[PDB]
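A.B. asks: Structure in structure tokens, see below.
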Number of protein chains: 2
Amino acid sequence: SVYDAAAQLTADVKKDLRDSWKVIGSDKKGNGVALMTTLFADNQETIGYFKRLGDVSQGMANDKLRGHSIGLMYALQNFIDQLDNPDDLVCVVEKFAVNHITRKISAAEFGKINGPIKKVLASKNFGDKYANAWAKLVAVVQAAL
Amino acid sequence: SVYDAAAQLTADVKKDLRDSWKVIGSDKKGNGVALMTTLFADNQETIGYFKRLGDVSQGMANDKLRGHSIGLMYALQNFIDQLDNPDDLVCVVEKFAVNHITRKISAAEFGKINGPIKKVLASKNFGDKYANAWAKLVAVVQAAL
Ligand code: HEM
Ligand code: HEM
């Protein structure tokens, strides 16, 4: 199932992912927080899963939120680094899904991250071409949920 | 406390951590799996916490173990990247501790990773000086458990 989704990560898709990550991943704290705050702004209902983080309206200043945001970027770093070996990408994606499945986060709910990713990419001037590439990577994770 | 433990990461400790990570982090899959297999070999009592992984003796051939091992190396990558800013190191360490606290992994239990780290370091020509530097980093996590 996840292997089939990984099959959509073509040579061109993997190239656009690496190129955009070279920029987005160069400031994990800044862009990681940008992603989370954008998710909360566009889909307020998702805050329900983050009660432990406390006052998420504090953004970057919220230590728990900042810690979570930085960590999120290392998961993506992991995914990007495994792009050339489907076997490793799949095992890393399935490992990642375990805790999210436990939290009862459906593929549909997880998909809400696509909007924020598109916006963050656009802030760095990476157009629709790149957003579509990232939507395909997210789809690999969705296949595991 | 975690804040006092992070203060123990002196100038040369941070430098030795970076110099050794430059080599160890070069092969996250290989060194990550070596780290886990060594832990299970030297402390068989910890295997119980990893029931979900299945037959851990299969090593690299165990997809779940490989997935977990690779991810473990990105957590260390995260810690190393935060050495410049104590405030960020602390929030990332506390974030990391959440799930380990939930699994009831105590500071003493976590500290068992020091042996495996020392052995992997030694396999790459990094002696006691480096093993002790890493013990200091591990001590920051222990303070959060
Ligand atoms: C690109 C997308 C995402 C990435 C890379 C990501 C990454 C991570 C990572 C690395 C962790 C820490 C390890 C763990 O506990 O599993 C985590 C925790 C978590 N994730 Fe995901 N995640 C993503 C999207 C989401 C979404 C869309 C939701 C919910 C709508 C979600 C909810 C959670 C929650 C509730 C936690 C625990 C937060 C805490 O209490 O500290 N994640 N995620
Ligand atoms: C250098 C030390 C270690 C690092 C960097 C590390 C890293 C990680 C990471 C990144 C995860 C995945 C996210 C999560 O679920 O929290 C994790 C999961 C886990 N860790 Fe730790 N860990 C370390 C040591 C330990 C030790 C010593 C134990 C137990 C004696 C432990 C037990 C667990 C367990 C049981 C899981 C879940 C495994 C699974 O079911 O897939 N960890 N750890």
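For the structure tokens, the naming scheme is as follows: chains receive sequential letters (A, B, ...) according to their order of presentation, residues are indexed from 1 within each chain, and ligands are indexed from 1 in presentation order.
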Both chains have the same sequence, so match all Cα atoms in order, fit chain A onto chain B by least squares, and return it as a CSV table (one decimal) with N, CA and C atoms, in the first residue's frame.

C.D. replies:
```
chain,number,residue,atom,x,y,z
A,1,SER,N,16.0,22.4,35.5
A,1,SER,CA,16.6,21.0,35.7
A,1,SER,C,17.4,20.6,34.5
A,2,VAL,N,16.7,20.6,33.3
A,2,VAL,CA,17.4,20.3,32.1
A,2,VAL,C,18.4,21.4,31.7
A,3,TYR,N,18.1,22.6,32.0
A,3,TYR,CA,19.0,23.7,31.7
A,3,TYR,C,20.3,23.5,32.5
A,4,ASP,N,20.2,23.1,33.7
A,4,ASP,CA,21.4,22.8,34.5
A,4,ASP,C,22.3,21.7,33.9
A,5,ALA,N,21.7,20.7,33.4
A,5,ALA,CA,22.4,19.6,32.8
A,5,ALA,C,23.0,20.1,31.5
A,6,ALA,N,22.3,20.9,30.7
A,6,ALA,CA,22.8,21.5,29.5
A,6,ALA,C,24.1,22.4,29.8
A,7,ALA,N,24.1,22.9,31.0
A,7,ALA,CA,25.3,23.7,31.4
A,7,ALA,C,26.6,22.9,31.4
A,8,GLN,N,26.5,21.6,31.4
A,8,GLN,CA,27.7,20.8,31.4
A,8,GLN,C,28.3,20.6,30.0
A,9,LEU,N,27.5,21.1,29.0
A,9,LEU,CA,27.9,21.0,27.6
A,9,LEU,C,28.8,22.2,27.4
A,10,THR,N,30.1,22.1,27.8
A,10,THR,CA,31.1,23.1,27.6
A,10,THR,C,31.5,23.2,26.1
A,11,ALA,N,32.3,24.3,25.8
A,11,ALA,CA,32.8,24.5,24.5
A,11,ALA,C,33.5,23.3,23.9
A,12,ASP,N,34.4,22.7,24.8
A,12,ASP,CA,35.2,21.5,24.4
A,12,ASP,C,34.3,20.3,24.2
A,13,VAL,N,33.3,20.2,25.0
A,13,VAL,CA,32.3,19.0,24.9
A,13,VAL,C,31.5,19.1,23.6
A,14,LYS,N,31.0,20.3,23.3
A,14,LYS,CA,30.3,20.5,22.1
A,14,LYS,C,31.1,20.3,20.9
A,15,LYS,N,32.4,20.6,20.9
A,15,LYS,CA,33.3,20.5,19.8
A,15,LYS,C,33.5,19.0,19.6
A,16,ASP,N,33.7,18.2,20.6
A,16,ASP,CA,33.9,16.8,20.4
A,16,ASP,C,32.7,16.1,20.0
A,17,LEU,N,31.5,16.6,20.3
A,17,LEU,CA,30.2,16.0,19.9
A,17,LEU,C,30.1,16.2,18.4
A,18,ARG,N,30.3,17.5,18.0
A,18,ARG,CA,30.2,17.8,16.6
A,18,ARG,C,31.2,17.0,15.7
A,19,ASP,N,32.4,16.9,16.2
A,19,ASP,CA,33.4,16.2,15.4
A,19,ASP,C,33.1,14.7,15.2
A,20,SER,N,32.7,14.1,16.3
A,20,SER,CA,32.4,12.6,16.2
A,20,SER,C,31.1,12.4,15.4
A,21,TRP,N,30.1,13.3,15.5
A,21,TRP,CA,28.9,13.2,14.8
A,21,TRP,C,29.1,13.3,13.3
A,22,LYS,N,30.1,14.1,12.9
A,22,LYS,CA,30.4,14.3,11.5
A,22,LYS,C,30.7,12.9,10.9
A,23,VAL,N,31.2,12.0,11.7
A,23,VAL,CA,31.5,10.6,11.2
A,23,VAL,C,30.3,9.6,11.5
A,24,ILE,N,29.9,9.6,12.7
A,24,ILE,CA,28.9,8.7,13.1
A,24,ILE,C,27.6,9.0,12.4
A,25,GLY,N,27.2,10.2,12.2
A,25,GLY,CA,26.0,10.6,11.5
A,25,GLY,C,26.1,10.5,10.0
A,26,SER,N,27.2,10.1,9.4
A,26,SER,CA,27.3,10.0,8.0
A,26,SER,C,26.8,8.7,7.4
A,27,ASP,N,26.4,7.8,8.4
A,27,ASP,CA,25.8,6.5,8.0
A,27,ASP,C,24.8,6.2,9.1
A,28,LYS,N,23.7,6.9,9.0
A,28,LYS,CA,22.6,6.7,10.0
A,28,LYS,C,22.0,5.4,10.1
A,29,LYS,N,21.8,4.7,9.0
A,29,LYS,CA,21.2,3.4,8.9
A,29,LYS,C,22.2,2.4,9.6
A,30,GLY,N,23.4,2.4,9.1
A,30,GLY,CA,24.4,1.4,9.6
A,30,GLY,C,24.8,1.6,11.1
A,31,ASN,N,25.1,2.8,11.5
A,31,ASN,CA,25.4,3.1,12.9
A,31,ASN,C,24.2,3.1,13.8
A,32,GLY,N,23.0,3.4,13.3
A,32,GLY,CA,21.8,3.4,14.1
A,32,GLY,C,21.5,2.0,14.5
A,33,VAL,N,21.6,1.1,13.5
A,33,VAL,CA,21.3,-0.3,13.7
A,33,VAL,C,22.4,-0.9,14.6
A,34,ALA,N,23.6,-0.5,14.5
A,34,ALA,CA,24.7,-1.0,15.3
A,34,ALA,C,24.5,-0.6,16.7
A,35,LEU,N,23.9,0.6,17.0
A,35,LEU,CA,23.6,1.0,18.3
A,35,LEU,C,22.6,0.1,19.0
A,36,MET,N,21.4,0.0,18.3
A,36,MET,CA,20.4,-0.9,18.8
A,36,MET,C,20.7,-2.3,19.0
A,37,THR,N,21.4,-3.0,18.1
A,37,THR,CA,21.8,-4.3,18.2
A,37,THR,C,22.8,-4.5,19.4
A,38,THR,N,23.6,-3.5,19.6
A,38,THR,CA,24.6,-3.6,20.7
A,38,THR,C,23.9,-3.4,22.0
A,39,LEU,N,22.8,-2.6,22.0
A,39,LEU,CA,22.1,-2.4,23.3
A,39,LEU,C,21.4,-3.7,23.6
A,40,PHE,N,20.8,-4.4,22.6
A,40,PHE,CA,20.1,-5.6,22.9
A,40,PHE,C,21.0,-6.7,23.3
A,41,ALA,N,22.3,-6.7,22.8
A,41,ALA,CA,23.3,-7.7,23.1
A,41,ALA,C,23.8,-7.6,24.5
A,42,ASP,N,24.1,-6.3,24.9
A,42,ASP,CA,24.7,-6.0,26.2
A,42,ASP,C,23.6,-5.9,27.3
A,43,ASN,N,22.4,-5.5,27.0
A,43,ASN,CA,21.4,-5.5,28.0
A,43,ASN,C,20.1,-6.1,27.4
A,44,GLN,N,20.1,-7.4,27.4
A,44,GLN,CA,18.9,-8.1,26.8
A,44,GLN,C,17.6,-7.7,27.4
A,45,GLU,N,17.6,-7.3,28.7
A,45,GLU,CA,16.3,-6.9,29.3
A,45,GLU,C,15.6,-5.8,28.6
A,46,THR,N,16.4,-4.9,27.9
A,46,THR,CA,15.8,-3.8,27.2
A,46,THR,C,14.9,-4.2,26.0
A,47,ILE,N,15.0,-5.4,25.6
A,47,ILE,CA,14.2,-5.9,24.4
A,47,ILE,C,12.7,-5.9,24.9
A,48,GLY,N,12.5,-5.9,26.2
A,48,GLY,CA,11.1,-5.9,26.7
A,48,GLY,C,10.3,-4.7,26.2
A,49,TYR,N,11.0,-3.6,25.9
A,49,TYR,CA,10.3,-2.4,25.5
A,49,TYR,C,10.0,-2.4,24.0
A,50,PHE,N,10.6,-3.3,23.3
A,50,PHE,CA,10.5,-3.3,21.8
A,50,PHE,C,9.7,-4.5,21.2
A,51,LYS,N,8.7,-5.0,21.9
A,51,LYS,CA,7.9,-6.1,21.4
A,51,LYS,C,7.3,-5.8,20.0
A,52,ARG,N,7.0,-4.6,19.8
A,52,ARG,CA,6.4,-4.2,18.5
A,52,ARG,C,7.3,-4.4,17.3
A,53,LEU,N,8.6,-4.4,17.5
A,53,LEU,CA,9.6,-4.5,16.5
A,53,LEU,C,9.7,-6.0,16.0
A,54,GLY,N,9.2,-6.9,16.7
A,54,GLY,CA,9.3,-8.3,16.3
A,54,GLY,C,10.6,-9.0,16.6
A,55,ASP,N,11.0,-9.8,15.6
A,55,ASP,CA,12.3,-10.5,15.7
A,55,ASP,C,13.5,-9.6,15.5
A,56,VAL,N,13.9,-9.0,16.6
A,56,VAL,CA,15.1,-8.1,16.6
A,56,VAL,C,16.4,-8.8,16.3
A,57,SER,N,16.4,-10.1,16.4
A,57,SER,CA,17.6,-10.9,16.1
A,57,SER,C,18.0,-10.8,14.6
A,58,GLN,N,17.0,-10.4,13.8
A,58,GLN,CA,17.3,-10.2,12.4
A,58,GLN,C,18.1,-9.0,12.0
A,59,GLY,N,18.3,-8.1,13.0
A,59,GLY,CA,19.1,-6.9,12.8
A,59,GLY,C,18.6,-6.1,11.7
A,60,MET,N,19.6,-5.6,10.8
A,60,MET,CA,19.3,-4.8,9.7
A,60,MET,C,18.2,-5.2,8.8
A,61,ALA,N,18.1,-6.6,8.6
A,61,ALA,CA,17.1,-7.1,7.8
A,61,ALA,C,15.6,-7.0,8.3
A,62,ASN,N,15.5,-6.6,9.6
A,62,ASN,CA,14.2,-6.4,10.2
A,62,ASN,C,13.8,-5.0,9.8
A,63,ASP,N,12.8,-4.9,8.9
A,63,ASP,CA,12.3,-3.5,8.5
A,63,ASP,C,11.9,-2.6,9.6
A,64,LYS,N,11.2,-3.1,10.6
A,64,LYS,CA,10.7,-2.3,11.7
A,64,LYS,C,11.9,-1.8,12.6
A,65,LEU,N,12.9,-2.7,12.8
A,65,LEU,CA,14.0,-2.3,13.6
A,65,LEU,C,14.8,-1.3,12.8
A,66,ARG,N,15.0,-1.5,11.5
A,66,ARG,CA,15.7,-0.6,10.7
A,66,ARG,C,15.1,0.8,10.7
A,67,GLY,N,13.8,0.8,10.6
A,67,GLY,CA,13.0,2.0,10.6
A,67,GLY,C,13.2,2.8,11.9
A,68,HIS,N,13.2,2.1,13.0
A,68,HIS,CA,13.3,2.7,14.3
A,68,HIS,C,14.8,3.2,14.5
A,69,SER,N,15.7,2.4,14.0
A,69,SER,CA,17.2,2.8,14.1
A,69,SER,C,17.5,4.1,13.4
A,70,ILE,N,17.0,4.2,12.1
A,70,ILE,CA,17.2,5.4,11.3
A,70,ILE,C,16.6,6.6,12.0
A,71,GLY,N,15.4,6.4,12.5
A,71,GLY,CA,14.7,7.5,13.1
A,71,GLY,C,15.4,8.0,14.4
A,72,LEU,N,16.1,7.1,15.1
A,72,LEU,CA,16.8,7.4,16.3
A,72,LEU,C,17.9,8.4,16.0
A,73,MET,N,18.6,8.2,14.9
A,73,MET,CA,19.7,9.0,14.5
A,73,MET,C,19.3,10.4,14.2
A,74,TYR,N,18.1,10.6,13.7
A,74,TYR,CA,17.6,12.0,13.4
A,74,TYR,C,17.3,12.8,14.7
A,75,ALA,N,17.1,12.0,15.8
A,75,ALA,CA,16.8,12.7,17.1
A,75,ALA,C,18.1,13.2,17.5
A,76,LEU,N,19.2,12.5,17.4
A,76,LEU,CA,20.5,12.9,17.7
A,76,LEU,C,21.0,14.0,16.8
A,77,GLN,N,20.6,13.9,15.6
A,77,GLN,CA,21.0,15.0,14.6
A,77,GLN,C,20.4,16.3,15.1
A,78,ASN,N,19.1,16.2,15.6
A,78,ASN,CA,18.4,17.4,16.1
A,78,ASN,C,19.2,18.0,17.3
A,79,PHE,N,19.5,17.1,18.2
A,79,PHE,CA,20.2,17.5,19.4
A,79,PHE,C,21.5,18.2,19.1
A,80,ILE,N,22.3,17.6,18.2
A,80,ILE,CA,23.6,18.2,17.8
A,80,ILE,C,23.5,19.6,17.1
A,81,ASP,N,22.4,19.7,16.3
A,81,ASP,CA,22.2,21.0,15.6
A,81,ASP,C,21.8,22.1,16.6
A,82,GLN,N,21.2,21.7,17.7
A,82,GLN,CA,20.8,22.8,18.7
A,82,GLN,C,21.8,23.1,19.8
A,83,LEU,N,23.0,22.5,19.7
A,83,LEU,CA,24.0,22.7,20.7
A,83,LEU,C,24.4,24.1,21.1
A,84,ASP,N,24.4,25.0,20.1
A,84,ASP,CA,24.7,26.4,20.4
A,84,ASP,C,23.6,27.3,21.0
A,85,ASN,N,22.4,26.8,21.0
A,85,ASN,CA,21.3,27.6,21.6
A,85,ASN,C,20.6,26.8,22.7
A,86,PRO,N,21.1,26.9,23.9
A,86,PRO,CA,20.5,26.2,25.1
A,86,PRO,C,19.0,26.2,25.1
A,87,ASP,N,18.3,27.4,24.8
A,87,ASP,CA,16.9,27.5,24.8
A,87,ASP,C,16.2,26.5,23.9
A,88,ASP,N,16.8,26.3,22.7
A,88,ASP,CA,16.3,25.4,21.7
A,88,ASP,C,16.6,24.0,22.0
A,89,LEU,N,17.8,23.7,22.5
A,89,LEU,CA,18.2,22.4,22.9
A,89,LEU,C,17.2,21.9,24.0
A,90,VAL,N,17.0,22.7,25.0
A,90,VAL,CA,16.1,22.3,26.1
A,90,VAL,C,14.7,22.0,25.6
A,91,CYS,N,14.1,22.8,24.8
A,91,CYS,CA,12.7,22.6,24.3
A,91,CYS,C,12.6,21.3,23.4
A,92,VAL,N,13.7,21.0,22.7
A,92,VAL,CA,13.7,19.9,21.8
A,92,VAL,C,13.9,18.6,22.7
A,93,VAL,N,14.7,18.7,23.7
A,93,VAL,CA,14.9,17.6,24.6
A,93,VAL,C,13.7,17.3,25.4
A,94,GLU,N,13.0,18.3,25.9
A,94,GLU,CA,11.7,18.1,26.6
A,94,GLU,C,10.7,17.5,25.8
A,95,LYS,N,10.6,17.9,24.5
A,95,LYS,CA,9.7,17.3,23.5
A,95,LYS,C,10.0,15.9,23.3
A,96,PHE,N,11.2,15.5,23.1
A,96,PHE,CA,11.7,14.2,22.9
A,96,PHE,C,11.4,13.3,24.1
A,97,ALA,N,11.5,13.8,25.3
A,97,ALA,CA,11.2,13.0,26.5
A,97,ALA,C,9.7,12.6,26.8
A,98,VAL,N,8.8,13.4,26.2
A,98,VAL,CA,7.4,13.1,26.4
A,98,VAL,C,7.0,11.6,26.1
A,99,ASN,N,7.3,11.1,25.0
A,99,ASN,CA,6.9,9.7,24.7
A,99,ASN,C,7.7,8.7,25.5
A,100,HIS,N,8.9,9.0,25.9
A,100,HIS,CA,9.7,8.1,26.6
A,100,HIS,C,9.2,8.0,28.1
A,101,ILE,N,8.7,9.1,28.6
A,101,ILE,CA,8.1,9.2,29.9
A,101,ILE,C,6.9,8.4,29.9
A,102,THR,N,6.1,8.5,28.8
A,102,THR,CA,4.9,7.7,28.7
A,102,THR,C,5.1,6.2,28.7
A,103,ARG,N,6.3,5.8,28.1
A,103,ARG,CA,6.7,4.4,28.1
A,103,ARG,C,7.3,4.0,29.4
A,104,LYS,N,7.3,4.9,30.4
A,104,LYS,CA,7.9,4.6,31.7
A,104,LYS,C,9.4,4.2,31.6
A,105,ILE,N,10.1,4.9,30.8
A,105,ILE,CA,11.5,4.6,30.7
A,105,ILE,C,12.2,5.6,31.6
A,106,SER,N,12.8,5.1,32.7
A,106,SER,CA,13.5,5.9,33.7
A,106,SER,C,14.8,6.4,33.2
A,107,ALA,N,15.4,7.4,33.9
A,107,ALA,CA,16.7,8.0,33.5
A,107,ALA,C,17.8,6.9,33.6
A,108,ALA,N,17.6,6.0,34.6
A,108,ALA,CA,18.6,4.9,34.8
A,108,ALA,C,18.5,3.9,33.6
A,109,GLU,N,17.3,3.6,33.1
A,109,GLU,CA,17.1,2.7,32.0
A,109,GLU,C,17.6,3.3,30.7
A,110,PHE,N,17.4,4.6,30.5
A,110,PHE,CA,17.8,5.3,29.4
A,110,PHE,C,19.3,5.4,29.3
A,111,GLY,N,19.9,5.5,30.5
A,111,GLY,CA,21.4,5.5,30.6
A,111,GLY,C,22.1,4.3,30.1
A,112,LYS,N,21.4,3.2,29.9
A,112,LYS,CA,22.0,2.0,29.4
A,112,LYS,C,22.5,2.2,27.9
A,113,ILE,N,22.1,3.2,27.3
A,113,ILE,CA,22.5,3.5,25.9
A,113,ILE,C,24.0,4.0,25.8
A,114,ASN,N,24.5,4.4,27.0
A,114,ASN,CA,25.9,4.9,27.1
A,114,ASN,C,26.9,3.8,26.6
A,115,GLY,N,26.7,2.6,27.1
A,115,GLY,CA,27.7,1.5,26.7
A,115,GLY,C,27.7,1.4,25.2
A,116,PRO,N,26.6,1.2,24.5
A,116,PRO,CA,26.5,1.0,23.1
A,116,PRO,C,27.1,2.2,22.3
A,117,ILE,N,26.9,3.4,22.8
A,117,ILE,CA,27.4,4.6,22.2
A,117,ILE,C,28.9,4.6,22.2
A,118,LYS,N,29.5,4.2,23.4
A,118,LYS,CA,30.9,4.1,23.6
A,118,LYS,C,31.5,3.1,22.6
A,119,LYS,N,30.8,1.9,22.4
A,119,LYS,CA,31.3,0.9,21.5
A,119,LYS,C,31.3,1.3,20.1
A,120,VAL,N,30.2,2.0,19.7
A,120,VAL,CA,30.0,2.4,18.3
A,120,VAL,C,31.1,3.5,18.0
A,121,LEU,N,31.3,4.4,18.9
A,121,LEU,CA,32.4,5.4,18.8
A,121,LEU,C,33.7,4.8,18.6
A,122,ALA,N,34.0,3.8,19.5
A,122,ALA,CA,35.3,3.1,19.4
A,122,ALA,C,35.5,2.4,18.1
A,123,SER,N,34.4,1.9,17.5
A,123,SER,CA,34.6,1.2,16.2
A,123,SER,C,35.0,2.1,15.1
A,124,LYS,N,34.8,3.4,15.4
A,124,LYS,CA,35.2,4.4,14.4
A,124,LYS,C,36.5,5.1,14.9
A,125,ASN,N,37.1,4.6,15.9
A,125,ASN,CA,38.3,5.1,16.6
A,125,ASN,C,38.2,6.3,17.4
A,126,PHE,N,37.0,6.6,18.0
A,126,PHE,CA,36.8,7.8,18.8
A,126,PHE,C,36.9,7.2,20.3
A,127,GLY,N,38.0,7.6,21.0
A,127,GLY,CA,38.2,7.2,22.3
A,127,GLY,C,37.4,7.7,23.5
A,128,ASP,N,37.8,7.4,24.7
A,128,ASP,CA,37.1,7.8,25.9
A,128,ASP,C,36.7,9.2,25.9
A,129,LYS,N,37.6,10.1,25.4
A,129,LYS,CA,37.3,11.5,25.4
A,129,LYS,C,36.0,11.8,24.8
A,130,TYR,N,35.7,11.1,23.7
A,130,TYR,CA,34.4,11.3,23.0
A,130,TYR,C,33.3,10.6,23.6
A,131,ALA,N,33.5,9.5,24.2
A,131,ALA,CA,32.5,8.8,24.9
A,131,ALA,C,32.0,9.6,26.1
A,132,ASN,N,32.9,10.3,26.8
A,132,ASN,CA,32.5,11.1,28.0
A,132,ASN,C,31.7,12.3,27.5
A,133,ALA,N,32.0,12.8,26.4
A,133,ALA,CA,31.3,14.0,25.8
A,133,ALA,C,29.8,13.5,25.5
A,134,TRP,N,29.7,12.4,24.9
A,134,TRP,CA,28.3,11.8,24.6
A,134,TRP,C,27.6,11.5,25.9
A,135,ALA,N,28.3,11.0,26.9
A,135,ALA,CA,27.6,10.7,28.2
A,135,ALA,C,27.0,11.9,28.7
A,136,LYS,N,27.6,13.1,28.5
A,136,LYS,CA,27.1,14.4,29.0
A,136,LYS,C,25.8,14.8,28.3
A,137,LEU,N,25.8,14.5,27.0
A,137,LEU,CA,24.6,14.8,26.2
A,137,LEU,C,23.4,14.0,26.6
A,138,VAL,N,23.7,12.7,26.8
A,138,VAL,CA,22.7,11.7,27.3
A,138,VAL,C,22.2,12.2,28.7
A,139,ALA,N,23.1,12.7,29.5
A,139,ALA,CA,22.7,13.2,30.8
A,139,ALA,C,21.7,14.3,30.7
A,140,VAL,N,21.7,15.1,29.7
A,140,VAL,CA,20.7,16.2,29.5
A,140,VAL,C,19.3,15.6,29.3
A,141,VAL,N,19.3,14.5,28.6
A,141,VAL,CA,18.0,13.8,28.3
A,141,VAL,C,17.6,13.1,29.6
A,142,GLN,N,18.5,12.6,30.4
A,142,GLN,CA,18.2,11.9,31.6
A,142,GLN,C,17.5,12.9,32.6
A,143,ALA,N,18.0,14.1,32.6
A,143,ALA,CA,17.4,15.1,33.5
A,143,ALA,C,16.0,15.4,33.2
A,144,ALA,N,15.5,15.1,32.0
A,144,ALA,CA,14.1,15.3,31.6
A,144,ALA,C,13.2,14.2,31.8
A,145,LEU,N,13.8,13.0,32.2
A,145,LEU,CA,13.0,11.8,32.4
A,145,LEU,C,12.6,11.7,33.9
```

A.B. asks: Where does DSSP see alpha helix (DSSP H) in segment 4-137 of chain A, if you list the residues as an MDAnalysis selection string?

C.D. replies: chainID A and resid 4:6 11:24 28:42 63:81 86:102 107:110 114:123 128:137
